[PDB]
Amino acid sequence: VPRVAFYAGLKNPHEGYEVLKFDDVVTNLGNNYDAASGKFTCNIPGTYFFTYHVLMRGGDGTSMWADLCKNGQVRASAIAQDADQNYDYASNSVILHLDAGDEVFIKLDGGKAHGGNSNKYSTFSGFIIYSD
Amino acid sequence: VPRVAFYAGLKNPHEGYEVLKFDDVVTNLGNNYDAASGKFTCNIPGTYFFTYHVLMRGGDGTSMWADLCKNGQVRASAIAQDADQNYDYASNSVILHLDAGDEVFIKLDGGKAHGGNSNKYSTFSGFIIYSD
Amino acid sequence: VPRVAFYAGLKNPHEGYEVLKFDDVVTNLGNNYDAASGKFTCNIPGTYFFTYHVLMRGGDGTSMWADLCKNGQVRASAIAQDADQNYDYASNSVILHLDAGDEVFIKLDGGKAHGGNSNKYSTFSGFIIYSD
Amino acid sequence: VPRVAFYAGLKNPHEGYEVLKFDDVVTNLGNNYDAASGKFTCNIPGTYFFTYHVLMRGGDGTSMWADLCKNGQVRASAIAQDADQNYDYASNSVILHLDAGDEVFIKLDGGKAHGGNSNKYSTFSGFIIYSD
Amino acid sequence: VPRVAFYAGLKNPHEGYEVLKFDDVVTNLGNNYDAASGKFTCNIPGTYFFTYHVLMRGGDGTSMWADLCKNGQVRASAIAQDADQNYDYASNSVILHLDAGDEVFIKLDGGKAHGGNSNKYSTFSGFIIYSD
Amino acid sequence: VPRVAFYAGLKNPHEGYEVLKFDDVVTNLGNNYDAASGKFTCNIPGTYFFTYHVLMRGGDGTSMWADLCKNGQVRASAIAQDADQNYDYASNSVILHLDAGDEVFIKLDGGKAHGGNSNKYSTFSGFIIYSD
Amino acid sequence: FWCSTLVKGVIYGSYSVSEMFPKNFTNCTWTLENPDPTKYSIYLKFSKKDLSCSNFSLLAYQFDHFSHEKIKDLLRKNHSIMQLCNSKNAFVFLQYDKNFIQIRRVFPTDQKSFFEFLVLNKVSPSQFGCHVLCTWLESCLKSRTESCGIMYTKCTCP
Amino acid sequence: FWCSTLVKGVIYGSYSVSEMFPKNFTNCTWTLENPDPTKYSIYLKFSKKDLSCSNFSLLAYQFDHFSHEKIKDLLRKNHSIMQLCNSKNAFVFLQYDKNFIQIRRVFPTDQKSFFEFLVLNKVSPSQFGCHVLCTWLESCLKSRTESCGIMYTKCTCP
Amino acid sequence: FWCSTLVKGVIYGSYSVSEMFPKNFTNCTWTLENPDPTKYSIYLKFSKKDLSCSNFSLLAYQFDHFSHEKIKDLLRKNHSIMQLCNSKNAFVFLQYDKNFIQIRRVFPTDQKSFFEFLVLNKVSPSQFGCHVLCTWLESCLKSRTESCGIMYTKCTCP
Amino acid sequence: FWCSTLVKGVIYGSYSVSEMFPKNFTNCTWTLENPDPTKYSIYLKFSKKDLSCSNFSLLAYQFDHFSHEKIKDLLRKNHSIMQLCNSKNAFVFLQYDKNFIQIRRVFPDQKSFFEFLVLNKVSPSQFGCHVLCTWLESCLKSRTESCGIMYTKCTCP
Ligand SMILES: [Ca+2]
Ligand SMILES: [Ca+2]
Ligand SMILES: [Ca+2]
Ligand SMILES: [Ca+2]
Ligand SMILES: [Ca+2]
Ligand SMILES: [Ca+2]
Ligand SMILES: [Ca+2]
Ligand SMILES: [Ca+2]
């Protein structure tokens, strides 16, 4: 019965330990992603699937760490590394059992994020598979 | 009720500003994706999830731009760069709301893609989630 | 409904041609995946979306010697020895038509796969789409 | 008059046991060093200060192949090929006494030597101190 | 007749695109190096030898460049890179033939230099060899 | 008129908090550096250029601290560091205004230096420039 | 209060400072948005024939975090902000490479001037693009010996 | 204007808040300088026996560019500034590993108060430094179960 | 009309010209497909014991986009097409590392000759494959001094 | 009083304990020097054809500071000294990687044989790889010993 899906591309670059703010939302059924807090308040408990790809800032920084975190627990991570300072995707895809009200969000652990304004390079997209 | 899912691996090396034409079709329900057309024609309005990985050719070029596009407006992009002519994927994954009669396909923004025979290094796979 | 989905990360590093046994299972809804086995047995035939990401770790091996001689006899010998960990993602995602008793697993065709004790860098996640 | 001083950087990469052919000479006052020769020849007997710096460039390109196979038959293949180009200058300074007709050269005793076309990452410079 | 010789260790840390201004001057014979300006004003045209060693910031950053530039022309470079974020010295020694009034100075082209107090870890020192 | 120059490659493996004693004295003009003492006793006041390179022993230790000090004060420093116990230099160079009766000597601050018989891996070379 | 002009989606552009902004407006800014900071780079070439610095001033800078609403703040931070009034020669060729480029015409608080920009692909530049690149390269060469190199692109031409 | 005092060249040092500064100066800062920012690390240990927070407040912040002449500016920029009143227990352990550390005693505009600082190697700490390291580790260890990890150094003691 | 054979699944193989194609067929082409164009490389080997070119022509050229049909077209394009016919020595080796190799036997409009091919993991070649290359590496050297280098492989052996 | 020998400049050498030092001398030591302890590694090899432990004793150690004139002190410290009398098989292999290797013949002969090999840690010579193979095969032909000895990347038929 529940129908929830979302897909937001990154608009502005984010550096330092912080919660990346995905703003270019292309599809937001259910409206469970607030670009303001870069979070996914899951109102409907169940199983969700989230994939995310983050581009490395070319020319500035060499290794950037990214972690998808539910509440305060880091459930997935990626590491984009390139000595020559070229671009390289830090990407991952996860299936999670979200409870009622929990929040899942990307936290860059060092490194510099790169985000085409509308080239929608770095994306973060999820949808629910089963409902509890 | 509606069963629509497709997955095709690339077969011939494509280079330049041409649409990629995945031909090694492995799974095709409903027969909506034509490997020859290299495109996915939506006939069941709804929401779809399309993930694609394209392999940069080794020994030639340094930059590879693969950009998924539904109809004529690019909706996603991906870059692969390696200075010493290595192999690096240009992947992405996007949830899109496709109404009736929409076309979606991977367009190549310059560079040379790999020419895997049947190893299926480059892949394109999508499936529907909800019906409108 | 089938009620099948799983997602697991890897803790112990792997080598050789042995199959990758993703042990740190986050969710194994349906218990069709053995964390220790790192393999997945299809008990409900149908279409399954699978995806895997692995973090390569380059074995450390680099050195160099420079030498200054007058007419041939050694007078100055300098060394340059720097070793780092080559980190890149090998990733893919497919749609497979599994039947009863089919087996799905990752087989390393050579290379090194980094393993986080709880860092969760190498992921393997799958879930059913349709029931046959 | 002593009038001996020279300084040259390296443009073309070198490999094996060959002498370094420092080509990008900035100052060759005294004409005691010849680019074609690649070896500083002594025409004024005395004490010289020499020094050399060379940038190492590893060639240990590391690759990994992951396979996802149904029952043994390959369904997905991923390639991860990357070298991180270790960077560590190798250098030293030496005070040697040289007579008439003596020649000195920088011999690469194994490894790769990075070459900067105009960046001059690797240098070799010397000058007379006292005339015999 | 000319008696120009200078040697200054770095007192305050500098980062980003910025000319380094070594302050802890231990010897400033001839008084041709203003600590704040971080530059060497050549008032006695001739041949000069400049050596410099810069310590990279540990716990912050991975790779830093360093260019010694006479006027605007870059006439030297040094790269210090270490994946463990460990300390590694970017060092280079060059011989120039400066004209009247030409200024030579170290510019940091990206990277996070260090901030030693009296540890004089990073230094920049030069002296004249011949007088025109 | 004064002719003071010297170059000494290390011979014995020094470790701990002790003065490095260079013994392979390749050249010594004026017979000022006493090899047994390991320190350079200046008798003609002037400005002396002293450069030194010390190679960290591989396999043991993580940090290599090289302190060039006049009399009792520290006038220079050097830090070699590698996580996996490889070979890295801790070199430096200083221009000092030494009056009559001064003694200068490298001082190993904790750790273990390399022990090269004739490889002259670790070197110490100085020379007067101006006469006070 | 500042008036803005967002020009994007074009390859080559020639403008005069009078067209963009009149003397009626005290302080205003003109904005460029490089289509793709990864595929294209910006090359700037201008000509100030007797530019009036006493009346107004011009500044140029790069920005990436949607900060054109805090320009004065940026002026305090000095984020790669450079004037072009004290420049000796009129033929200056500033080459940039950031998401956004802002040129501020500020009153202290006009067809003679000309400005031009081009976008150049870092891998395969277009024939006309490189070709006009060469044209103003020769214009710089003819002038003294100015530093007209500026990381010469792969563009090959007579 | 604020009065300052630079303590450097010492290994183990204990003092008091009023000891560093009395209630005659309204706002002042006491600065500690790490003798070696690469080989030495700073371990602080404060004890607040019913401290008077209404009268004045104590703050801590680390800097590197000798910029203690613009402290208020740092207060606006919030460069890792931590307070000492909201801390629950009197024995709260903090690990600052940089170059310059500063403690600010500010009036809002005393033997009970006790502070301590130590310098320790990240490779080979002295048995003396190891023992005292154990002392505060022990007090925290016997507090509830506090996070007395403090990056457990090599120092291993019964 | 041309007769073609798709041979795959073998590492080491030996063939004679008369087995693949007799004189009955005017023009035919034999094909070899690299199992994976990244993990393996292809090494060819022909031995022409007085091979006659006056009767038929033998050519070699690589393809990637399934051009084995438009052979004539390829003749107009001339994409890396060589002839073991004009080989000064019967034992000439050509380093071919691409996706598809093809050998054309065409009449211009026999156990004596012997053809063999090997594929090796450019990372960890097998003991057999490395050994067979050694067996013939010296053979070419034994020849005059031919260029038996073929960029000597990394395979470990005498 | 002790008799010593400075052997340097060789790659491969096969010797017998008889020609090393005679029985006339009570206790002596033999020393080997590695020309470069960074690029070269050493591989010792010996074979005791009914060696007499009752008569003499053979030991091995590695020193790095010209300390063969006070060996007794090092013996007291026991700087990683290996004896070769209790060894079950005659072909016991050791990976000595230092700057100086010393073998002590001490009072408490073509039968006993000794060999040593130097190798480039990165690009060993073809001879070196061949001979590395020789001792490798012989170790196995000896049951199954751990003839890995830091299994070298060198592979040969
Ligand atoms: Ca990469
Ligand atoms: Ca990648
Ligand atoms: Ca595009
Ligand atoms: Ca050497
Ligand atoms: Ca290093
Ligand atoms: Ca495979
Ligand atoms: Ca170094
Ligand atoms: Ca020290």
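The numbers here are math on the coordinates, done by the rules we state, and not lab data. Please note: Cβ atoms are built from the backbone with ideal geometry, for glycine as well, and neighbour counts cover all protein chains shown.
Of the candidates C:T27, C:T62, C:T51, which one comes out as most mobile in a Gaussian network treatment of chain C with C-alpha springs shorter than 10 Å?
The residue with the greatest mean-square fluctuation here is C:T62.
For C:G30, which inter-copy label distances result when the label point lies 7 Å beyond Cα on the Cα-to-Cβ vector, reported in nm to one decimal and in ascending order?
Going from nearest to farthest copy, the values are 1.9, 2.0, 7.9, 7.9, 8.5 nm.
I want the local charge near F:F49. Using Cβ-Cβ distances under 15 Å, sum +1 for each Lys or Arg and -1 for each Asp or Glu among the other residues.
Once all neighbours under 15 Å are counted, the net charge is +2.
Please report, in debye to the nearest 20, how large the charge dipole of the protein assembly as shown is about its Cα centre when each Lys and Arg carries +1 at its beta carbon and each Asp and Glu carries -1 there.
300
Per DSSP H run of n ≥ 4, the term is -39500 (n - 2.57); total these for the protein assembly as shown, divide by its residue number, and report the mean residue ellipticity at 222 nm rounded to 500 deg cm²/dmol.
Result for the protein assembly as shown, helices only: -2000 deg cm²/dmol.
Report the relative contact order of the range F:5-131, percent, no decimals, based on alpha-carbon pairs under 8 angstrom and at least 6 residues apart.
Details: 362 pairs, mean separation 51.0, N = 127.
Taking the mean separation of contacting Cα pairs over the length of the range F:5-131, I get 40 percent.
Can you tell me the dipole magnitude for the range H:4-123 around its Cα centre, using point charges on the Cβ only (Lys, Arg +1; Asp, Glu -1), in Debye to the nearest 20? Present the calculation step by step, with values, prior to reporting the outcome.
Details: 16 positive and 10 negative charges, 55 e Å.
Around 260 debye, computed over the range H:4-123.
Dipole of the protein assembly as shown (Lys/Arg Cβ +1, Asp/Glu Cβ -1, origin at the Cα centre): which of H:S143, I:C155, C:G16 lies farthest to the positive side?
Ranked along the dipole, the leading option is I:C155.
May I ask you to sort I:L120, J:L75 by Cβ crowding, counting other Cβ atoms within 10 Å and putting the fewest first?
Ascending number of Cβ neighbours within 10 Å: J:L75, I:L120.
How much net charge surrounds H:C140 when only the other residues with a Cβ under 12 Å from the Cβ of H:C140 are counted, with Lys and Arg +1 and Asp and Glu -1?
+1
If chain I were replaced by its equivalent ellipsoid, with semi-axes equal to the square roots of 5 times the Cα gyration tensor eigenvalues, what would those be, largest first, whole Å?
Here the semi-axes work out to 26, 19, 14 Å.
Hey, can you grab everything whose amide H is under 5 Å from the amide H of G:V92? Only 5+ residues off in sequence or another chain; H modelled, so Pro and N-termini drop out.
Those lying under 5 Å, H to H, from G:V92 are G:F46.
Taking Rh as the Kirkwood radius computed over C-alpha pairs, what is the Stokes-Einstein D of the range I:16-86 at 10 °C in a medium of viscosity 1.306 mPa s, expressed in µm² per second?
Result for D is 112 µm²/s.
Farthest toward the dipole's positive end in the protein assembly as shown, which of B:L29, I:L59, G:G9, given Cβ charges of +1 (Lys, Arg) and -1 (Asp, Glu) about the Cα centre?
Positive-end residue among those listed: I:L59.
Provide Rg over Rh for the protein assembly as shown; use the alpha carbon set for both Rg and the Kirkwood Rh (inverse mean inverse pair distance).
Ratio of gyration radius to Kirkwood radius: 0.98.
If you place +1 on the Cβ of every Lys and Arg and -1 on the Cβ of every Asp and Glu, how big does the dipole about the Cα centre of chain C come out, in debye to the nearest 20?
Magnitude of the dipole: close to 360 debye.
What percent of all Cα-Cα pairs in the range F:5-131 falls into each 10 Å bin, going from 0 up to the bin containing the maximum distance?
Taking every Cα pair in the range F:5-131, the percentages come to 14, 48, 30, 8, 1.
Tell me the net charge near E:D102. Cut-off is 14 Å between Cβ atoms, E:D102 excluded, with +1 for each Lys or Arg and -1 for each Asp or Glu.
Numbers: positive: E:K39, E:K70, E:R75; negative: E:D99, E:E103, E:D132.
Result for the neighbourhood of E:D102: 0.
Which far-off residues, 5 or more places away or on another chain, put their amide H under 5 Å from the one on J:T29, with H placed in the peptide plane?
J:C3, J:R105
Diagonalise the Cα gyration tensor of the range D:58-132 and give the resulting equivalent ellipsoid semi-axes, square root of 5 times each eigenvalue, largest first, whole Å.
Taking √(5λ) for each Cα gyration eigenvalue gives 51, 12, 9 Å.
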